[PDB]
Amino acid sequence: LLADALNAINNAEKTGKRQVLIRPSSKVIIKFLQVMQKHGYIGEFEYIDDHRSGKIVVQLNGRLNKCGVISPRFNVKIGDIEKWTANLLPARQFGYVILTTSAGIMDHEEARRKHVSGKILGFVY
Amino acid sequence: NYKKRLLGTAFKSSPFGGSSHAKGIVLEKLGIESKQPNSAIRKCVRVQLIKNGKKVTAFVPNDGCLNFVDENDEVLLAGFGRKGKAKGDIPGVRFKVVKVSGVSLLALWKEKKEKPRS
RNA sequence: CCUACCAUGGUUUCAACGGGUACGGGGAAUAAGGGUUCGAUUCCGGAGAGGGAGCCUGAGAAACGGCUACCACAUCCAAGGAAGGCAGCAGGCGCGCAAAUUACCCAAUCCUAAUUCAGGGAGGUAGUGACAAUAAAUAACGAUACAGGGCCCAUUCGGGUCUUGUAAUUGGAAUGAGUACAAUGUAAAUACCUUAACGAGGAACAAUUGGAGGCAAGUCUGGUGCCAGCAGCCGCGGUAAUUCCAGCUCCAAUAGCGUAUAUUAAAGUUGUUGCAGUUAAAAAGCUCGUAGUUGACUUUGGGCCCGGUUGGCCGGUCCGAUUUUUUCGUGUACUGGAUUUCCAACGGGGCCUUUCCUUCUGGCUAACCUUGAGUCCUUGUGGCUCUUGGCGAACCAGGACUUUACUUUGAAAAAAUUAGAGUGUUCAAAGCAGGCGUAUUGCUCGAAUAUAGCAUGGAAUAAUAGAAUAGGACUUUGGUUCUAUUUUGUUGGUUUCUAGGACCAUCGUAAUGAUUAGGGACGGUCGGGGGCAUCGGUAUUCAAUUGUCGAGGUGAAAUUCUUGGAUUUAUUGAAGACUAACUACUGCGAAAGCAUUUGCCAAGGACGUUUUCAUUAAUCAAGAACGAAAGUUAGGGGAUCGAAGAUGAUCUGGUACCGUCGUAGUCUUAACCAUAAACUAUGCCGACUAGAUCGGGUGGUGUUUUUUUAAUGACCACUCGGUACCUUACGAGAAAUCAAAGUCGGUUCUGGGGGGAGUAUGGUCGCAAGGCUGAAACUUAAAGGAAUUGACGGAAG
RNA sequence: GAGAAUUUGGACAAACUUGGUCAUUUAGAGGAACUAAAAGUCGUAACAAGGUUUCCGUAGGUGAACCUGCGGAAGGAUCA
RNA sequence: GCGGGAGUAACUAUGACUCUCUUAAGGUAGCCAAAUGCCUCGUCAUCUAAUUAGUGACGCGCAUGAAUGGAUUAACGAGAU
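Residues numbered from 1 in each chain as written, not as in the entry; some residues may be left out. Chains lettered and ligands numbered in written order. Part of a larger assembly, values for the part shown. Heavy atoms only, no water. Residues with missing side-chain atoms left out of burial classes, pairs and counts.

- Judging from the entry metadata, cryo-EM is the method by which this structure was determined, and 8.90 Å is the reported resolution.

Right, here's the structure in full:
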């Protein structure tokens, strides 16, 4: 469920699918995709009815190089973010780490602004 | 804790301790031959140490074929073969004999030559 | 701490107990960091004083320079008997790669004793050694004469810049050290510092070591001839040696140079950060399941746990004195580093919790965190403008304010609408906020505690019993009596609120995004999955009988079988094994494995509308069960072919191939050992990414089959599972190739050069052959994979 | 009333001596094996289809590398 | 029932292997100085006031060898150092 997730949307950008077709719904999916919207990595999104769970819709615009998960959800600190950001992102300046902070799920540099620690989900660059 | 069973690096030297060299009272002076690719009789000595008490064979280079390292010579014994691999021509030796050294200084230096020392 | 008595527990695979090894930390080295290796000097803590024992003295000792008895050593002795313990300093002997004087002193600091002042082998100093770092460093100047090669410019006449040689060259200047004199500070001692003048001596206090084939800057000539020699690696030396040896000839560093020790880096080669397993070393034979590790999912606060960020100590900077960035002292702020354990605040992640609920009867009663939007204020950024310091808007973040709202019920014809009520409790203090001086109430801030009701429990209400507290009436002042309040136990009607137990539906939308994830019931269906009991056919062999006379083998041959009638042809009878065809590019079984036909017991997979319990799940060391063939034990059976064994042939030999015979095996029941190049050389389970065939289910308003028409079909559309497999783009890889062996997670197994070695030894299992677990000395410098060219073949065209 | 010395009794700590058991090291009759090293002996096993295709596991037998029974693999081309 | 003579490897020292004669044709796995050994106080280690037993091997086998069988291998005795 975590493994598959960011690989599907990444391979969609690799080939050049304009919208990507992804699905599930319960309550760890969509607001870091609003952090991706703020940063300009994806575009708009909406919800479509299903029989069970739900269907998402995501609009892409050819931005993602590689996104992927951090499969063990390690502890990040308000100092040691960038020990991970060194290996996670091969580029610095480009990309960001998404932390599951204590103040919800937000960006990593936004997490230093709040001064809040937590776990990690994935990288985007 | 976890690790696979790693062995630390081992010098192939039957003397140990924490010493660079070693004294040895010797048994005999031999003149042994060598392996396949090279001829000539290369000189050696059967050095028996005092502290460690191990039997070793050591190569004695010198500008003296029958140079003085006799039966009961108090000769100093160093590395060369401990450092690096053991010697190809005459195997078994992995110890080289030092000149004019120890307490007594019995074993002589390189003679009949007048280039710089060594 | 110890004993008596009583109970039988305590510890342990989260590693007891035992064996081996070891002082521990601040810290030190190396590295980019992660980490790995160490625990010298310094500093802090513990433990020890020849060995073993015990005690006293004392506040402190079971006491290094204290005491007593005992033992071993060496020593003295009038032989009666005594006196000793350098793991304090200097030194002696022995051990060893190897490590310094039987020096000086109380000045200074500090400790010990009213002060004076005395003691200190503490300490402050000296001596010894390139032991290392550090600086001076292995030497460098102004001027002139002459000769040669290269380059710019040139009026070609020369001129400029510039240095491997050269000259009794000239002017000299210069340190380090000694010596005489002057001047200076502390002294108990050894060696005195600094500046200037004059004279004298020595001279930057004699430069060596290493390398020159590649790695690794640098070649030529002689001499020697596998000798003499060098060797870290690969190698060089047996006549033209850039490798030996000497020269001259070069390179690199230098008071150090080379070698040896050992740690770390190189090494992503033990991978936490940061590793591989189709063919190079590497997936356990296969299933199953426990401990253990991991966890789909809605709404929540508390509790528990992990992880910070900030403050406490030290250093630098800031301040003062001072020549100073030396150094010392004090106060404050900032910044950086360290010991990793406690407290507290603030937002999480992971972990845990129900439609409903006594009953005639009425069905009764009540409600949500938060998100989001708007407005105001504050902070930071950017633009315009100012020498620079102002202004408007947008956006980020924080705080405050803010209701429309939400809900149980009534009145309404319905309904708009309207009327009423609600949206936690308690305690202490401090701040702000109505009316008053206050009190007090409300809200906010911070804590504690808990988070659908009607069996049950609490409160209200009533009764009764006990206790506490307050007030009044009394008192022969102890106490009694009455009233109010609180708490505890018990009982009953009514009102209101809280725990707990069983069972079932749906999957809605906001925080990782095209998700039905586990078990089956119902109803159809396929298959060589299994065991047993039957049955049939062909071929072979044996036995008996008829008709008929030589065969069988091979490259030729013979052993061998035949006139005592063979081969054979037919008939009849018997015994065992195997199932041609069908048979496949087929199906089944988790793998091993599974082929005539029929019957019985009995298992698993896939499909279809659904129905249905509601994370029940995944994986799994140990452990348990199963096991092709070969081998072993006991009892049977032996048709068809045959290891061992016996003859014939072939050959130089032939203990083989070949031919004639033949034993154990091969078959069967029970029991055992348990392996295979046990195979897809590819672990299991779940999600993403273009293209066959076999089985199930549905469709083909059209056509065909065909007379119980069931055609199950023909032939075409799909939709699902297995998926002989073929073929291929993206993509990956060292490549062949793969089509995931691309690529991803959760979890488990396994690899760290070849030989020695799946061996040695112990444990464990076995009846025995043997299995399982499982190294080192030592040897060596490579073993190995993918891919190419060419010669050759008793290979083909 | 006190001190020294002697005798008896109680309880504690550790040593010393003897016996049994286990581990380690050295000496060692004796026994089995390996590695390196020139020449040899016997056969041609492996290597081309090496003129019986090899190798591995397992069992029996032989002066000898070996030969034979049974199973499997490509480590013989091609997916046997 | 299961052989002789002759020649032969650096160097002390030995015969792998080869030839020749003779006969019907010339032995494996495993072990050795014996209830069997002329030769022999053989030859070596350890033990013992001497110690050849205890126990450690040597090779110099007068004359070891798989079915009236080699070989694996626990229990038991008025039997043997």
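**Focus on the sheet that holds strand β3 (residues 55-59) of chain A**
Residue and element names in this part refer to chain A.
Consideration 1: Across the sheet, which stays open at both edges, the three strands sit in the order β1-β3-β2 with antiparallel pairing between neighbours. Single-partner strands in this sheet number two, and they are β1 (19-20) and β2 (45-48).
Consideration 2: Here β1 runs beside β3; their pairing, made up of two bridges, is antiparallel. Considered in β3, the bridge of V20 is made with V58. (Pairing = 2+ DSSP bridges. Helix = DSSP H or I, 4+ residues; strand = E, 2+ residues; numbered from the N terminus.)

**Observations concerning empty space enclosed by the protein**
Consideration 1: Of the volumes computed, that of the largest cavity is approximately 30 Å³.
Consideration 2: Around the largest cavity, the lining residues are B:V60, B:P61, B:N62, B:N67, B:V69, B:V97, B:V98, B:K99, B:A107 and B:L108. (1 Å grid on protein atoms, 1.4 Å probe; cavity = no way out; pocket = protein on both sides within 12 Å on 5 of 7 lines; lining within 4 Å. Points joined across faces, edges and corners; volume = space filled by probe spheres on them.)

**Side note on the pattern of salt bridges**
All names here are of chain A.
Consideration 1: The full count for this structure, using the stated rule, is eight salt bridges over all chains.
Consideration 2: In this structure, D80 and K77 form a salt bridge, with 3.4 Å as the shortest nitrogen-oxygen distance.
Consideration 3: By relative accessible area, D80 is classed as partly exposed at 29%.
Consideration 4: Residue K77 is classed as partly exposed on the basis of its relative accessible area of 46%.
Consideration 5: Between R92 and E82 there is a salt bridge whose closest N-O contact spans 2.9 Å. (Salt bridge = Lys/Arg side-chain N within 4 Å of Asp/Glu carboxyl O. Buried < 20%, exposed > 50% of the residue type's maximum accessible area, 1.4 Å probe, protein only.)

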